[PDB]
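Participant:
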Amino acid sequence: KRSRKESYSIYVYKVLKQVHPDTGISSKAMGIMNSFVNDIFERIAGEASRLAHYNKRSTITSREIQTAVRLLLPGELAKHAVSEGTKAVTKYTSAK
Amino acid sequence: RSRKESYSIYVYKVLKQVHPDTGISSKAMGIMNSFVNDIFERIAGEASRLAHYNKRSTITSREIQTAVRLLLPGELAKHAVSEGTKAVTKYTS
Amino acid sequence: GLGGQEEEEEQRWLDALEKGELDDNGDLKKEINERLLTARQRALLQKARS
Amino acid sequence: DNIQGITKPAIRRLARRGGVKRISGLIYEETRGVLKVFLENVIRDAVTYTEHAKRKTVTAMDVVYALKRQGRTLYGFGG
Amino acid sequence: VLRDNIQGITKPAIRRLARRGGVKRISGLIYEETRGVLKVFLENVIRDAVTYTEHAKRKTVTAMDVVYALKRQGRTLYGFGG
Amino acid sequence: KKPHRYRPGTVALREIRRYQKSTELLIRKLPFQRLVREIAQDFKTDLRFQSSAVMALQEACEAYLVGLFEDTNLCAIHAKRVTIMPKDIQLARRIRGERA
Amino acid sequence: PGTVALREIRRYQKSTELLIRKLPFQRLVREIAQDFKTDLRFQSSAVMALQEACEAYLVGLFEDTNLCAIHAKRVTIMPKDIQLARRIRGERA
Amino acid sequence: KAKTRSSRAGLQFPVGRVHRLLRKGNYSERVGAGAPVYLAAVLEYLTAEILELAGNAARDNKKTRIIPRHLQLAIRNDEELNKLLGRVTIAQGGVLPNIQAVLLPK
Amino acid sequence: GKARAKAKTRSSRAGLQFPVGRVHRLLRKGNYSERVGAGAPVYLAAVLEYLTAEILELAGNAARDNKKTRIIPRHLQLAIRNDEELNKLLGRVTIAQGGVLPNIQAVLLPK
DNA sequence: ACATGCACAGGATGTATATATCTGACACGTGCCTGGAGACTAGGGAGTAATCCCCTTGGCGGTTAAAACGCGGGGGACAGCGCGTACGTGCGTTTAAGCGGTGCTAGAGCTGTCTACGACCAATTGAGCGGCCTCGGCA
DNA sequence: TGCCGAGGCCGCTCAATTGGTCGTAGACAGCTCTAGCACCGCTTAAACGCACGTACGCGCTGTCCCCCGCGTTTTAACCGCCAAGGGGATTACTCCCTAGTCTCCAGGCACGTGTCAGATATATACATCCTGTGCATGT
Numbered sequence: 030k031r032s033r034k035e036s037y038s039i040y041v042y043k044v045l046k047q048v049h050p051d052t053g054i055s056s057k058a059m060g061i062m063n064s065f066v067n068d069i070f071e072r073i074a075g076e077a078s079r080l081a082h083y084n085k086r087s088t089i090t091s092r093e094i095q096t097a098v099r100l101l102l103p104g105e106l107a108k109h110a111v112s113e114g115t116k117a118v119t120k121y122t123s124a125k
Numbered sequence: 031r032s033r034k035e036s037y038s039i040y041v042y043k044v045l046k047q048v049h050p051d052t053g054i055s056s057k058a059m060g061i062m063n064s065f066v067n068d069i070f071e072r073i074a075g076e077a078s079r080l081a082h083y084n085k086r087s088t089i090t091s092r093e094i095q096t097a098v099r100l101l102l103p104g105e106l107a108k109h110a111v112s113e114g115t116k117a118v119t120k121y122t123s
Numbered sequence: 140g141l142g143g144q145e146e147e148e149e150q151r152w153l154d155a156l157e158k159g160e161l162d163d164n165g166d167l168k169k170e171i172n173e174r175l176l177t178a179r180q181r182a183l184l185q186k187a188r189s
Numbered sequence: 024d025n026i027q028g029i030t031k032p033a034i035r036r037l038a039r040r041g042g043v044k045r046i047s048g049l050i051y052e053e054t055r056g057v058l059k060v061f062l063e064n065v066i067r068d069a070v071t072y073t074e075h076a077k078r079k080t081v082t083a084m085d086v087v088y089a090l091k092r093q094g095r096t097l098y099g100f101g102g
Numbered sequence: 021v022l023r024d025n026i027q028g029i030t031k032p033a034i035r036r037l038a039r040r041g042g043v044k045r046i047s048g049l050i051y052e053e054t055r056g057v058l059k060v061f062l063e064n065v066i067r068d069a070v071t072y073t074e075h076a077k078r079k080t081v082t083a084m085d086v087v088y089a090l091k092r093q094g095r096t097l098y099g100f101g102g
Numbered sequence: 036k037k038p039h040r041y042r043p044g045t046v047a048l049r050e051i052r053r054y055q056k057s058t059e060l061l062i063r064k065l066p067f068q069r070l071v072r073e074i075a076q077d078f079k080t081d082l083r084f085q086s087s088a089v090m091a092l093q094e095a096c097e098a099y100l101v102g103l104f105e106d107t108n109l110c111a112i113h114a115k116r117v118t119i120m121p122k123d124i125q126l127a128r129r130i131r132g133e134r135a
Numbered sequence: 043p044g045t046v047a048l049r050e051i052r053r054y055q056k057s058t059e060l061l062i063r064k065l066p067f068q069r070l071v072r073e074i075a076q077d078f079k080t081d082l083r084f085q086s087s088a089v090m091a092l093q094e095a096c097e098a099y100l101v102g103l104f105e106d107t108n109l110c111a112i113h114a115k116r117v118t119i120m121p122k123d124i125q126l127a128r129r130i131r132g133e134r135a
Numbered sequence: 013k014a015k016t017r018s019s020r021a022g023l024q025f026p027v028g029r030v031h032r033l034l035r036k037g038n039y040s041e042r043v044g045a046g047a048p049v050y051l052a053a054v055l056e057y058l059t060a061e062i063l064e065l066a067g068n069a070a071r072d073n074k075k076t077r078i079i080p081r082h083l084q085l086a087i088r089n090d091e092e093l094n095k096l097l098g099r100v101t102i103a104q105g106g107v108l109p110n111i112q113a114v115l116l117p118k
Numbered sequence: 008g009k010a011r012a013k014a015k016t017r018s019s020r021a022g023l024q025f026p027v028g029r030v031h032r033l034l035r036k037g038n039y040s041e042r043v044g045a046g047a048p049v050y051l052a053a054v055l056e057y058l059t060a061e062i063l064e065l066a067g068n069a070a071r072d073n074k075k076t077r078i079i080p081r082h083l084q085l086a087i088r089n090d091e092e093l094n095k096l097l098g099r100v101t102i103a104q105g106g107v108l109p110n111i112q113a114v115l116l117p118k
């Protein structure tokens, strides 16, 4: 029997259900979202990988994804993304 | 102390192979040591993405042949593939 | 029938095209409600307001 | 004969979505050349990916990867 | 110290650049928009270049910190290494 | 109602609003499918196509053509015309670096 | 008039030097950088690399500006053209 | 008893999946424990953001469900999203309702 | 045990002049994949070598026809912008101090 | 009547925990090179002006597109065939890890020649008056 | 009915761009390394990719029917050509400045080095989560 595929579907759906609880999303639009998440992920990780080599550092690091997301994202979208990354790591490093 | 690790002497040796009279200003050497390195990053990056797009742990002559077949323009592709296949043939014996 | 409600936006958009009162995109002019803005859009527009 | 399947009104519609008010009659047979070279460039790459993958059906991924490579990404076919 | 140094991109130099580009006559409105376009280009390159220097924990911008900004902006530059 | 055909070259704007609002794909599927198959055989004979992949080529083409026409519109309006001509496409396709 | 302009074009296309003065350009690079962070140092090579990118970008813009002007049948370039050549290439809108 | 790194970090996005992919994609030989958390937050932020625009666009267009138009409208209205997505095309997305001003009647 | 005097470089076994060893070392150390098969650096070295031969063959012919005997960035820019193949490989690059391909737009010419 | 949303089962994945080991944060010495400012120089640029010629404009006339008309072909619509494509397996050739040996690629040195770089000359090429005739109007 | 001018054409004069000759020092070769550090041979090892299958899904290859594509003529909006005006870009000129050379200063910093510790990859069993699925239901 053919194996399971992989997608962000339940997470993006859950994210919709914490910003427009009243609203649904079409499977066509899910196909776009699942593509967009994979593309932004492949940009950030792919460009972070170059920072690791430019610095001759072996570890992909929160200290440095923070650079990639201010390189890729423009303007205030960068600043607010860096904020959410900062808050997330602040919770995680408090909880451990 | 330190090292730079450069293509400079190989492109010099290849120049003398095709134009035995001719020389390279170190500025033009800097162009070449950029150019061959940029092409290397393109071809390795393309072969890598192609291998990931086939979920293979390796990259081999066929992946990198394919990367060159994508990434180069017209006749440079079929000439480069001819030189790559000459080389791998003459190496594997 | 109810298809007249979908046609009426275009009927108004045509009356506004005779008048030439349309915006820099040629659309009907439509109002802002600032509750529709994200926190980032609010920050950008509050910076545009300074 | 196949490119003439890109009908006169099909080009007019694409142009109309593109916002151009008035179309010269020379546009159709020139634009068929531009669509042709665009398709030819994405198909060369897509068929190259599919050949590399040993398969002989061009998959949605084969064309999505070619389009991603040419810097004309599309979202919806499972990027 | 600092100032609006952009007016140092002097009118004859823009005429030289334009003349290397082969434009035969330059209308006088061009110069003050050209400074805008150039400043926007340097802002966008230097924004990235400084963040590479920030990330390296340096205070000195090397030629690599600019070449890498130029690579990712799709304007690759041979002749400064890497 | 009142204008109908008023200033011939105005049902034109009614078509702009129709085809710019809506999300049909503006080329007929079977003609477009025959085009991609009869192109591809020049480079590899006996190819199959996934039945969505041909649509992925179509949606890339219509996006590319729409973008090209929007850029062509600018070239005509800049050259003091409301009518596009091949010479506009030659400018647009040159400046994006695709043709020369 | 109109002849010596073509002679300037021939001259400035034959020669390969920097067309912008080093000191003004070096000050400009600093005066831009000094609001992302204060007290950067620029390695002497890096300011040259910015200048090579800048002059090549400006020449590569005036090139397409020329095509915009000649498409509009006039010969003199105008802000109208630079706005088009950017707006159509993608740097804005 | 287990607890997810997602909920521990205060995220809906799958931090474990992000950590898996950051190794499995070859992006470097080692991945720091904070990196997937920080990256998952940025994916989550952008996904919430692009949906918040699209939801408002869908609701203004009187529809109970987001479909690709509402995504294309969202992506092309906010210039920071448009500047991020200047090299993408949206399946059946259409385009912004732009008429160039000179083409309109006087 | 014991090993062969001048046990030959992968380049010289291939008959190439580019450094096959360095290419293999770079392909692993840049982390392009967890495994890099023994043919890949040979084939890649041959392609880099061939492109290097192609671009320098043009640059030296351009430099000689410009009456000089040493390549300078100018001659590389004249080769790269003359050749319709390399120009579309190299559409997104600036050659430092290379200048530009000399042209007047045809409408600007007198008479 | 379909396209989406919720409940059920399960298998493959994430987390807790143990465990070893090496990346890189760190502290310091260190010498390099950058930012700095002084002093000086002349090539380059800012402001003034004549004056040329291009771009902008109003306006006319020709022809090519929008436009509505009616006709018919061909796109969008569902069956039956079969060749493929993904798992699934079992196998063998491939590549890594490992570490001593020594070939070669580098930095710095010395040291040198020689290319080519400015500056200076000697052409060929351009456009231009001084001299002679007739075609053409005429006393 | 004997003349001379307007018009065409020829000759030498003459001042701009071009290809060429010279010499000095910048920067290439051509070193010898020396020296050290990659690269390679010889191993043994695990696993990944290959070769053989077959089952099942997804694509080829044929069927009906209304809408869109085509070809039609009409006519009007528009583009292309044009004349004429006058704003502004060119070209030349003078004087001032600030760009470049260069020199020497002294500090701020990148870097290399050595230490060492806490961070992460390894592996393992446990458990809970996400995918695929049946079917309720809402657009």
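Sequence order for the protein chains is P, T, H, R, N, Q, M, O and S.
According to the deposited numbering, the first sequence is numbered sequentially starting from 30.
According to the deposited numbering, the second sequence is numbered sequentially starting from 31.
According to the deposited numbering, the third sequence is numbered sequentially starting from 140.
According to the deposited numbering, the fourth sequence is numbered sequentially starting from 24.
According to the deposited numbering, the fifth sequence is numbered sequentially starting from 21.
According to the deposited numbering, the sixth sequence is numbered sequentially starting from 36.
According to the deposited numbering, the seventh sequence is numbered sequentially starting from 43.
According to the deposited numbering, the eighth sequence is numbered sequentially starting from 13.
According to the deposited numbering, the ninth sequence is numbered sequentially starting from 8.
For every residue, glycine included, the Cβ atom is placed at its ideal position computed from N, Cα and C.
#1: For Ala-89/N, I'd like the list of residues in its chain whose CB is within less than 6 Å of its CB, leaving aside the five on either flank, ordered along the chain.
#2: Let me know the secondary structure DSSP gives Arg-33/T once reduced to three states.
#3: What would DSSP say about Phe-84/M, mapped onto helix, strand or coil?
#4: Do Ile-111/S and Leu-97/S have their beta-carbon atoms positioned less than 7 Å apart in this structure?
#5: Could you confirm whether any beta carbon from chain H is found closer than 7 Å to the beta carbon of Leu-116/O?
#6: Pick out whichever of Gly-48/N, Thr-82/N, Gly-102/N and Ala-33/N has its Cα sitting closest to the Cα of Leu-58/N.
#7: Look at the alpha carbon of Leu-65/M and the alpha carbon of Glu-63/N, and state the distance between them as a whole number of angstroms.
#8: Between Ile-130/M and chain N, is there a C-beta pair that is closer than 7 Å?
#9: Could you give the DSSP three-state label for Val-81/N: helix, strand or coil?
#10: Beta strand (DSSP E) containing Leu-60/M: first to last residue?
#11: Is the beta carbon of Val-66/T sitting closer than 7 Å to the one on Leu-55/S?
#12: According to DSSP, is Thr-88/P part of a helix, a strand, or is it coil?
#13: Strictly below 7 Å CB to CB, what residues from chain Q border residue 200/H?
#14: When you compare each of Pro-117/O, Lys-118/O, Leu-115/O and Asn-110/O to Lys-56/Q by their alpha carbons, which one comes out closest?
#15: Contact criterion: CB-CB distance below 7 Å. Does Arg-181/H meet it with respect to chain P?
#16: Can you name the start and end residues of the beta strand (DSSP E) that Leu-97/N belongs to?
#17: Quick check: what's the CA-CA separation for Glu-173/H versus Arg-181/H?
#18: List, in chain order, every chain Q residue whose beta-carbon is nearer than 9 Å to that of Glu-146/H.
#19: Of all the CB atoms in chain R, is at least one closer than 7 Å to the CB of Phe-70/P?
#20: Using a Cβ-Cβ cut-off of less than 9 Å, list which residues of the stretch 94-106 of chain O approach chain R; keep chain order.
#21: Pull up the CB-CB distance for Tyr-57/O and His-49/P, whole angstroms please, since I reckon it's below 8 Å.
#22: Below 7 Å between beta carbons is the criterion; list the residues of the stretch 51-85 of chain S that meet it against any residue of chain N, in chain order.
#23: Taking CB distances under 7 Å as the criterion, tell me whether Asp-24/N reaches chain P.
#24: Using beta-carbon positions only, say whether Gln-85/M and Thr-96/N come within less than 7 Å of one another.
#25: Can you find the residues in the same chain that come closer than 7 Å, C-beta to C-beta, to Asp-162/H, ignoring five residues on each side of it along the sequence?
#26: Name the DSSP beta bridge partners of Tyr-40/T, please?
#27: So that I know if they touch, is there some Cβ in chain H lying closer than 7 Å to that of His-109/P?
#28: How about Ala-53/S and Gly-114/T: do their beta carbons lie closer than 7 Å?
#29: If you count every other CB in all the chains shown that lies within 10 Å of the CB of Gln-27/N, and 16 or more means buried, which is it?
#30: In three-state DSSP terms, what is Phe-84/Q?
#31: List the residues of chain R that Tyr-54/Q touches, going by C-beta distances under 7 Å, in chain order.
Facilitator: From the atom records:
#1: Position 69 of the fifth sequence, counting from 1, holds the residue named residue 89/N. Short of 6 Å from the beta carbon of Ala-89/N, and not among the five residues preceding or following it, lie these beta carbons of its own chain, in chain order: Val-65, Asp-68 and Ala-69.
#2: Translated into positions along the second sequence, residue 33/T becomes position 3. Correct three-state label for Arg-33/T: coil.
#3: Translated into the one-based positions of the seventh sequence, residue 84/M becomes position 42. Note: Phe-84/M maps to strand in three-state DSSP.
#4: Taking the first residue of the ninth sequence as position 1, residue 97/S is located at position 90. Taking the first residue of the ninth sequence as position 1, residue 111/S is located at position 104. The Cβ atoms of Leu-97/S and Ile-111/S do not sit closer than 7 Å to each other.
#5: Sequence index remark: in the eighth sequence, residue 116/O carries index 104 (1-based). Yes, contact with chain H.
#6: As a first step, residue 58/N is located in the fifth sequence; it is residue number 38 there, counting from the start. Taking the Cα of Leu-58/N as reference, the smallest distance to any Cα among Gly-48/N, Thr-82/N, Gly-102/N and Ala-33/N is reached at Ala-33/N.
#7: Counted from its first residue, the seventh sequence places residue 65/M at position 23. Counted from its first residue, the fifth sequence places residue 63/N at position 43. In this structure, the alpha-carbon of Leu-65/M lies about 18 Å from that of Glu-63/N.
#8: Against the seventh sequence, residue 130/M aligns to sequence position 88. Using a Cβ-Cβ cut-off of 7 Å, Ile-130/M does not count as an interface residue toward chain N, since no Cβ of chain N sits closer than that to its own.
#9: Translated into the one-based positions of the fifth sequence, residue 81/N becomes position 61. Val-81/N: strand per DSSP, three-state reduction.
#10: Within the seventh sequence, residue 60/M is the residue found at index 18, counting from 1. Careful: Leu-60/M lies outside any beta strand (DSSP E) and carries neither H nor E.
#11: The residue you call residue 66/T lines up with position 36 of the second sequence. The residue you call residue 55/S lines up with position 48 of the ninth sequence. In this structure, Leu-55/S lies closer than 7 Å to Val-66/T by Cβ.
#12: Counted from its first residue, the first sequence places residue 88/P at position 59. Of the three classes helix, strand and coil, the one that applies to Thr-88/P here is strand, per DSSP.
#13: No statement about residue 200/H is possible, as the shown extent of chain H runs from 140 to 189 and does not include it.
#14: Within the sixth sequence, residue 56/Q is the residue found at index 21, counting from 1. The shortest C-alpha separation from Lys-56/Q is found at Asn-110/O.
#15: As a first step, residue 181/H is located in the third sequence; it is residue number 42 there, counting from the start. Judged by the 7 Å Cβ criterion, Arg-181/H is not in contact with chain P.
#16: Taking the first residue of the fifth sequence as position 1, residue 97/N is located at position 77. Note, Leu-97/N: beta strand (DSSP E), 96-98.
#17: As a first step, residue 173/H must be located in the third sequence, where it is residue number 34. As a first step, residue 181/H must be located in the third sequence, where it is residue number 42. Between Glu-173/H and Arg-181/H, the C-alpha separation is close to 8 Å.
#18: Residue numbering aside, residue 146/H sits at position 7 when the third sequence is read from its first letter. For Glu-146/H, none of the residues of chain Q pass the 9 Å Cβ criterion, the least Cβ distance being about 11 Å.
#19: Sequence index remark: in the first sequence, residue 70/P carries index 41 (1-based). Any Cβ of chain R closer than 7 Å to the Cβ of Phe-70/P would place that residue at the interface, and such an atom is absent.
#20: If you check each beta-carbon in the stretch 94-106 of chain O against every beta-carbon of chain R, the ones closer than 9 Å belong to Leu-97, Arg-99, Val-100, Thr-101, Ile-102, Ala-103, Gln-104, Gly-105 and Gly-106.
#21: Looking up residue 57/O in the eighth sequence gives position 45. Looking up residue 49/P in the first sequence gives position 20. Contact doesn't hold; Cβ gap of about 16 Å is too wide.
#22: From the stretch 51-85 of chain S, only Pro-80 have a Cβ closer than 7 Å to chain N.
#23: Residue numbering aside, residue 24/N sits at position 4 when the fifth sequence is read from its first letter. Not closer than 7 Å to any Cβ of chain P, the Cβ of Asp-24/N fails to qualify, so no.
#24: The residue given as residue 85/M occupies position 43 in the seventh sequence. The residue given as residue 96/N occupies position 76 in the fifth sequence. Contact flag unset, no.
#25: Residue numbering aside, residue 162/H sits at position 23 when the third sequence is read from its first letter. Within the same chain, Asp-162/H has close Cβ partners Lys-168.
#26: Stepping through the second sequence from its first residue, residue 40/T is reached at position 10. Paired residue(s): none; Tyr-40/T is not in a bridge.
#27: As a first step, residue 109/P is located in the first sequence; it is residue number 80 there, counting from the start. Answer yes: the Cβ-Cβ gap between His-109/P and chain H drops below 7 Å somewhere.
#28: As a working note, residue 53/S is residue 46 in the ninth sequence. As a working note, residue 114/T is residue 84 in the second sequence. Yes, Cβ-Cβ distance for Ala-53/S and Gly-114/T is below 7 Å.
#29: Taking the fifth sequence and counting its residues from 1, one reaches residue 27/N at position 7. With fewer than 16 neighbouring CB atoms inside 10 Å of its own CB, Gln-27/N falls in the exposed class.
#30: Residue numbering aside, residue 84/Q sits at position 49 when the sixth sequence is read from its first letter. In this structure, DSSP gives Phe-84/Q an extended state, which the three-state scheme calls strand.
#31: Your numbering for residue 54/Q matches position 19 in the sixth sequence. Around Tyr-54/Q, the beta-carbon contacts reaching into chain R at under 7 Å are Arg-36, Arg-39 and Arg-40.
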